[PDB]
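For neighbour counting, all protein chains shown are included, and Cβ atoms are generated from backbone atoms with ideal geometry for every residue, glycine included. Bear in mind these aren't lab numbers, they're just calculated from the coordinates by the rules spelled out.
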Amino acid sequence: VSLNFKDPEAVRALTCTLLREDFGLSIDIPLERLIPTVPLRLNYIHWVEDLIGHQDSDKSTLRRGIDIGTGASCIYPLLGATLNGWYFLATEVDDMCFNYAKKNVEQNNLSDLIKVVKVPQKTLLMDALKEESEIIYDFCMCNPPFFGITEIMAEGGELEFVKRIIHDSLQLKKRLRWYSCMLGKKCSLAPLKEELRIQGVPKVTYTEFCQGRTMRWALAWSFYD
Ligand SMILES: Nc1ncnc2c1ncn2[C@@H]1O[C@H](CSCC[C@H](N)C(=O)O)[C@@H](O)[C@H]1O
């Protein structure tokens with residue numbers, strides 16, 4: 001395995017070795033798809049913890065969340081379910097990621113806590129949660145996809161993705177307690193904040209995740225007063 005951390009073979013080896021050593025999670029992921037890095041994925045898991053609230057022992061419940069675009073790694077549910085005993089609905093549109101995510105759930109014996117679903121690509125939350133009338137989800141989380149010489153247009157597409165989540169949230173309302181998404185540039189934040197302000201979303205928060213050279217923002221919102 002390469003010693004140079006610019007090489008994806010080295011990043012993948014480090015991520016997979018970290019997950020085994022610290023958590024006892026063994027994952028298999030293809031170099032064809034985004035290789036998650038663990039420290040940033042953990043920051044977000046902990047931020048979800050802060051958002052959904054600490055429970056006294058007498059009102060402990062199974063926490064339930066939705067990870068939109070779960071990846072080949074199925075990283076956020078594996079971590080959420082392993083650290084915290086959270087249940088996840090985890091969605092994917094990509095066949096290769098779906099196959100891999102399922103395999104990673106099974107191989108870490110977590111099929112009881114994580115349900116991986118392949119949705120259709122024009123769908124987001126509303127189709128996955130349609131005629132759910134029995135429980136309220138505590139959260140959704142999302143690390144969004146980036147959809148000539150200038151696909152930094154790809155990076156800009158994160159805005160339209162989040163707006164779709166905002167769109168679904170406006171109909172689902174209190175069916176989930178906290179909607180959230182990680183953002184790739186701090187200049188995605190101001191327009192999204194203004195979009196929630198003008199739709200009258202009552203509760204909005206945000207935070208920073210820093211891993212050395214790399215900086216991410218996450219935004220979250222709720223229709224609960
Ligand atoms: N409408 C949609 N519903 C569910 N997943 C989607 C989607 N649109 C794109 N995706 C998936 O979202 C993923 C974003 S990349 C994030 C992967 C993983 N959560 C991680 O943090 O490493 C991709 O695998 C892409 O296939």
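Report, to two decimal places, the Cα Rg of the chain normalised by 2.2 N^0.38 Å (N = number of residues). Working shown, then result.
Working: Rg = 17.2 Å, N = 225, 2.2 N^0.38 = 17.2 Å.
Scaled against compact globular proteins, the figure is 1.00.
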Exercise. Could I have the simple spin-label model distance between residue 4 and residue 62, label points 7 Å from Cα toward Cβ, reported in nm to one decimal?
Key: 4.8 nm
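By DSSP, what percent of the beta bridges with both residues in the chain are antiparallel, rounded to the nearest 5? Spell out each step's value before the answer.
Details: 14 of 29 bridges.
Antiparallel: roughly 50 percent of the beta bridges in the chain.
So, with +1 on the Cβ of K and R and -1 on the Cβ of D and E, and no other charges, what is the size of the charge dipole of the chain about its Cα centre, to the nearest 20 debye?
Working: 27 positive and 30 negative charges, 77 e Å.
Charge dipole, the chain, about its Cα centre: 380 debye, nearest 20.
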Self-check item: For the stretch 119-135, 3J(HN,Hα) per residue [Karplus equation, 6.51 cos²θ - 1.76 cosθ + 1.60, θ = phi - 60°, Hz, x = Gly/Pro]
Solution: 9, x, 5, 7, 10, 10, 8, 4, 6, 6, 9, 6, 6, 8, 9, 8, 9
Practice problem: Return, in residue-number order, each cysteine of the chain whose C-beta is not under 4.7 Å from any other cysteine's C-beta. | Solution: 16, 74, 97, 140, 187, 210
Practice problem: Measure of size requested: the Rg and Dmax of the stretch 105-185, with Cα atoms as the atom set and Å as the unit; please supply both. | Solution: 15.1, 49
